[PDB]
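**Student:** Experimental structure and sequence below, a few questions after.
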Amino acid sequence: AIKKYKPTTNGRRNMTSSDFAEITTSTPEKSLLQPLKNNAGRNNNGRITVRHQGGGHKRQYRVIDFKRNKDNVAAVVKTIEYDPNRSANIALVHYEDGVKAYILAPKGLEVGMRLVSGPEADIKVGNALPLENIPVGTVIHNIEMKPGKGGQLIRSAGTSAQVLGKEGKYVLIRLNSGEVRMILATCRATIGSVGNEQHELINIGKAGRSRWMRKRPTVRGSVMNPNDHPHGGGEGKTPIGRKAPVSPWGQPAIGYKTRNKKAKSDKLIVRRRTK
Amino acid sequence: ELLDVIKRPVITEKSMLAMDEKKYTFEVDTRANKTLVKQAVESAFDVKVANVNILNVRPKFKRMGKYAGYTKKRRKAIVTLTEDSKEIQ
Amino acid sequence: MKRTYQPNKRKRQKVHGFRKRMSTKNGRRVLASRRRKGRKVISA
RNA sequence: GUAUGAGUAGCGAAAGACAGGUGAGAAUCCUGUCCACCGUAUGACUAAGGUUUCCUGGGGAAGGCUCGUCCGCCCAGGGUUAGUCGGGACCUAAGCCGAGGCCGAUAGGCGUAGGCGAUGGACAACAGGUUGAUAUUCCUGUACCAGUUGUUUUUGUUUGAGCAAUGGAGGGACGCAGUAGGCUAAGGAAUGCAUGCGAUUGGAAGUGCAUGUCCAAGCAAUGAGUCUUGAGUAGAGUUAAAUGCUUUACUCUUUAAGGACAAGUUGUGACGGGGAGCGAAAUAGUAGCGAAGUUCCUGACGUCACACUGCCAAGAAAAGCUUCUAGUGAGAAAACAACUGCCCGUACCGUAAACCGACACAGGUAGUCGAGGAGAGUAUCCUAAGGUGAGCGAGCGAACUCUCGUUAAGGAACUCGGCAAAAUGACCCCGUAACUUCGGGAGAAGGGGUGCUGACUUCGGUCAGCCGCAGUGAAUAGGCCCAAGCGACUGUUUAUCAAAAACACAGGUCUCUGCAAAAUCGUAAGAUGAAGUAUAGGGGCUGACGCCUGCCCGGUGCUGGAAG
């Protein structure tokens, strides 16, 4: 659930965090870990491209299947773990051959389920099915864009989808943010919404907890001198003197729809609603 | 080429005291192993192993005539023996 | 307080060395521009 | 080049005095005695950095803020020894170069394989002695690692003898916080050896003064303890294979047993070297001779050891090592003896007069050790081991300036302003308001006790007595209360005039963005975003929390539209 700390100091008045009452062990496996850096938003050239990065804790990858290309072999899932990378949890997997890997953990997976992955596999939680063998109205994740990449669509915590219906080609899918498009008939999926629901329900509280997560403070626009931001200058507190408030490069903030106007996907998208 | 191994013996206050325990202080040219000096001494004096020790020297200043110049590098060699002597020096 | 010219031996020859002035086409300009005067110390 | 200022300012924080030396010449050099300063450092060891400043013997023209027989200065000679220490012939992180390659007016930019790169991993020696300077380097004794030559007991290359992969796998392999338990070091106190008995009243012992009160690596034996369940049957997998490794089902088994690690102890080493003190044989406290090795008390974040519990911010790689097969394939593999083991650094200073500041400069410099009496303590006062007495003085004791100590009577009248000073301050005990987000305010305010001797006492203190003006008698150690604006808060800011009412901040709200995502650096290749995927990611504004966030779409921007 959600903790509420009793208010003792000033920097503990409003803190909240999860119980972590869903996680069984506290040790990963050796063979599924790979290192990382903190790029701090810096290139090959080593300049700050994306602002406000760098200066937190240490991490390692947990190499996670998005493909699920073994079929007709039952998989035993034992332990649920924690990611520093992802809002959602992971799970160990014991194939009967003796092959291990990590897999994203949806809601309702218990310790000791068995998940089947072929194109003939049934309809429960955690099964791997291509987007032809799925009936209308289910709730689906790891929707693949291209056939053979593994998942790229909806991955993070507490999100969902539906299949609104089929065509002969392609499949209609309601994603999150209300919108619908056309995804092929050779794309894998997993039946069921992803796990943790509660990552909107946490107060970071301190500043130093938001710097435990790898962030850095964002100075307002109107306080900069007039050569670091176009809102700047002015003696006293000033209103936005320029029409249509501006990012520090150009490109007004509130209003510019900025896709590529000649995008290839425009044939396949229906009801571009909430962006 | 082992007659350009050894140049000179050193005649100092410690070097005469090395003579009492069959130890001898020679100057060996640069880039020479311990093993060349063993082979050269056994070639030139019919004595044995009981291993060599090898130093180096950093140079100095001197001044003569408003001029400033170094001196050479060196390399000593303190060779010990087992059974023979050198009443040669 | 701390002042500037705090010397090392790795930095004064992995910045101002010779093997970093025969590795560009500007270190070569520097070496060839110093040899016109006839300077003794060419680099470090 | 030379004046004036002018023989003026200054001579860069600190305690010296005398006797005797040497010498043409002495406060400033040598020696002796007493006094004084630091003693979590002005004491010891090393990493950078410096580059001969180190030692021996001479010298006094210049340097030394004075003098100088002296010196970190000048001349001459002379000193740095390694199979085991730190680095190379071993491995990899950040990063850099990058055969081919992909882009680009030239120049060139980026990058796979392969590499280079310690601040990290892995790795075989300990104690003492010795010189004017070197010592895990020389010698003395006892070891260890990897090899080579003669001896040592076994033959198809099938392996039943071996070796054995650049492949199969295990292992190396890791955070923060908190107290608990065991050993050793170091520490303290006494009735164990040594010498001598006070010349100021008194003191043979005991109830006495000064001084010393031990030992290695390695090899044998053991072990306070700590961690971990083990076995079988039937199949999947490990690019071919495997007795190795992994894994699914079934049957048992469990404080049991098997296994793994372990600070430390006892012998040996060791008839050894160490030592209070004696002391020559020349001119040396030199050579040479050595007595004790006890018990109790306190006792470590040093070691077991990241061992254990807890928590979320979820805590490096590759090699060395170990097995199994692939394979190669006269017959090597224990004991004994004798030999071999390469290159670079090693002097010195190293909280400084030898480094960084133009200086022999009141500043800065990473790591380890860091004693005693009080004491929570590395605080504070005085001291041990040790090291210094500061590189201008002698007189006199006026003005004035600076740094200190005291004051009658009054106690903010001074002043822009109680600025500066004065006052409180240690431990124990009694007691403690409005207000509130129920945690606080709170060390709220305001009061009381402290020294020495005796008895009682389980524990804790009580009772009696004694002295002074004053009993945490020295040094260290919060002034308080009532109201009000501003900002919620701890934080951050103009190195060198501004530390705040400024910025950040948790929270709120709007907007963009379906993945070759928007955005950014670049001409592009490429890269960041991100090995992330709308509970995510970028952009603008407001800045905990409580109550709220009215009216206007005519104008300007944004978004949608299709007829003209």
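**Tutor:** Structure received. Numbers count the residues shown, from 1 in each chain, chains lettered A, B, ... in the order given.
**Student:** rest of the way, CA atoms for contacts and neighbours
**Tutor:** Noted.
**Student:** For residue B:6, give me its contacts.
**Tutor:** Residue B:6 is in contact with B:26-29, B:37, B:40, counting by C-alpha atoms under 8 Å, 6 or more residues apart in numbering or on different chains.
**Student:** of the residues you listed, closest to RNA strand D?
**Tutor:** residue B:37 (9.4 Å; C-alpha to the nearest atom of the strand).
**Student:** if I look at residue A:181, how far off is RNA strand D?
**Tutor:** Counting by C-alpha to the nearest atom of the strand, to the nearest Å, the gap from residue A:181 to RNA strand D is 7 Å.
**Student:** Tell me the spacing between the residue most central in space within chain C and residue C:44.
**Tutor:** Taking C-alpha atoms, centre = their mean, the centroid of chain C lies closest to residue C:16, which sits 3.1 Å from it. Using C-alpha to C-alpha, to the nearest Å, residue C:16 is found at 6 Å from residue C:44.
**Student:** Then residue A:33?
**Tutor:** Residue A:33 is 45 Å from residue C:44, where distance means C-alpha to C-alpha.
**Student:** how about the closest residue to residue A:188 other than its chain neighbours, what does it touch?
**Tutor:** Computed as C-alpha to C-alpha, 6 or more residues apart in numbering or on different chains, the closest residue to residue A:188 that is not its neighbour in sequence is residue A:130, at 4.1 Å. If you count contacts by C-alpha under 8 Å, 6+ apart, residue A:130 has them with A:119, A:185-189.
**Student:** In helices, which of those fall?
**Tutor:** Judged by DSSP state H, the subset of these located in helices is empty.
**Student:** hmm, which of those residues are the buried ones?
**Tutor:** Neighbour counting by 16 or more other C-alpha atoms under 10 Å in any protein chain shown classes A:119, A:185-189 among those as buried.
**Student:** Next to RNA strand D, which bits of chain C? Give me the list.
**Tutor:** Remark: the part of chain C in contact with RNA strand D comprises C:1-10, C:24-25, using C-alpha under 7 Å from any atom of the strand.
**Student:** how much space is there between the residue in chain B positioned nearest to RNA strand D and residue A:191?
**Tutor:** Of all residues in chain B, residue B:33 sits closest to RNA strand D, at 3.8 Å by C-alpha to the nearest atom of the strand. Residue B:33 is 75 Å from residue A:191, where distance means C-alpha to C-alpha.
**Student:** Who has more neighbours out of those two?
**Tutor:** Counted by other C-alpha atoms under 10 Å in any protein chain shown, residue B:33 and residue A:191 do not tie: residue A:191 has more neighbours, with 23 against 13.
**Student:** Can you pull the residues of the stretch 51-200 of chain A lying near RNA strand D?
**Tutor:** A:51-52, A:56-60, A:63, A:76, A:82-88, A:94-100, A:145, A:152-159, A:175-177, A:179, A:197-200.
**Student:** which among those end up buried?
**Tutor:** Using 16+ other C-alpha under 10 Å as the burial test, those include A:56, A:76, A:82, A:87-88, A:94-95, A:100, A:145, A:154-159, A:175, A:197 as buried.
**Student:** Strands - which of these land there?
**Tutor:** Of those, the ones assigned to strands by DSSP state E are A:76, A:94-95, A:100.
**Student:** so residue A:218 touches residue A:50, yeah?
**Tutor:** No - between residue A:218 and residue A:50 there is no contact, the gap being 12.0 Å when judged by C-alpha atoms under 8 Å.
**Student:** Quick check: residues of chain B near RNA strand D?
**Tutor:** Proximity of chain B to RNA strand D, by C-alpha under 7 Å from any atom of the strand, involves residues B:10, B:12-15, B:31-35, B:49-51, B:53-58, B:60-63, B:78.
**Student:** Now do the strands in the stretch 151-275 of chain A.
**Tutor:** A:162-166, A:171-174, A:180-183, A:188-191, A:246-247, A:250-252, A:269-270 (DSSP state E, counting those that start in this stretch).
**Student:** and among those, the most buried is which?
**Tutor:** Stretch with highest mean neighbour count among those: strand A:188-191 (a mean of 26; mean count of other C-alpha atoms under 10 Å in any protein chain shown).
**Student:** other SSEs contacting that strand?
**Tutor:** Using 3 or more C-alpha pairs under 8 Å, 6 or more residues apart in numbering or on different chains; DSSP states H and E as the contact test, the elements touching strand A:188-191 are strand A:128-130, strand A:140-141.
**Student:** which outside residues touch that strand?
**Tutor:** Applying C-alpha under 8 Å, 6+ apart, the external contacts of strand A:188-191 come out as A:67, A:123-131, A:138-144, A:147, A:150-151.
**Student:** Direction included, what does it pair up with?
**Tutor:** If you go by DSSP bridges, strand A:188-191 pairs up with strand A:128-130 (antiparallel), strand A:140-141 (antiparallel).
**Student:** Most tightly packed of the ones you listed?
**Tutor:** strand A:140-141 (a mean of 26).
**Student:** tell me the contacts of the nearest residue to residue A:61 once chain neighbours are set aside?
**Tutor:** Spatially, and ignoring its direct neighbours in sequence, residue A:61 is nearest to residue A:34 (5.0 Å; C-alpha to C-alpha, 6+ apart). By C-alpha under 8 Å, 6+ apart, the contact list for residue A:34 reads A:60-63.
**Student:** Quick check: residue A:34 vs residue A:212, distance?
**Tutor:** Distance from residue A:34 to residue A:212, by C-alpha to C-alpha: 21 Å.
**Student:** Show the backbone phi and psi for residue C:28.
**Tutor:** phi -70, psi -40 (degrees, to the nearest 10).
**Student:** contacting residues for residue A:146?
**Tutor:** A:184, A:187.
**Student:** 10 Å instead, please
**Tutor:** By C-alpha atoms under 10 Å, 6 or more residues apart in numbering or on different chains, residue A:146 lies in contact with A:152, A:183-184, A:186-188.
**Student:** Could you check how far it is from residue A:215?
**Tutor:** Applying C-alpha to C-alpha, one obtains 33 Å for the distance of residue A:146 from residue A:215.
**Student:** what's around residue 32, how many residues?
**Tutor:** All of this is about chain A. Residue A:32: 15 neighbours (other C-alpha under 10 Å).
**Student:** Chain C was what I was after
**Tutor:** When neighbours are counted by other C-alpha under 10 Å, residue C:32 registers 13.
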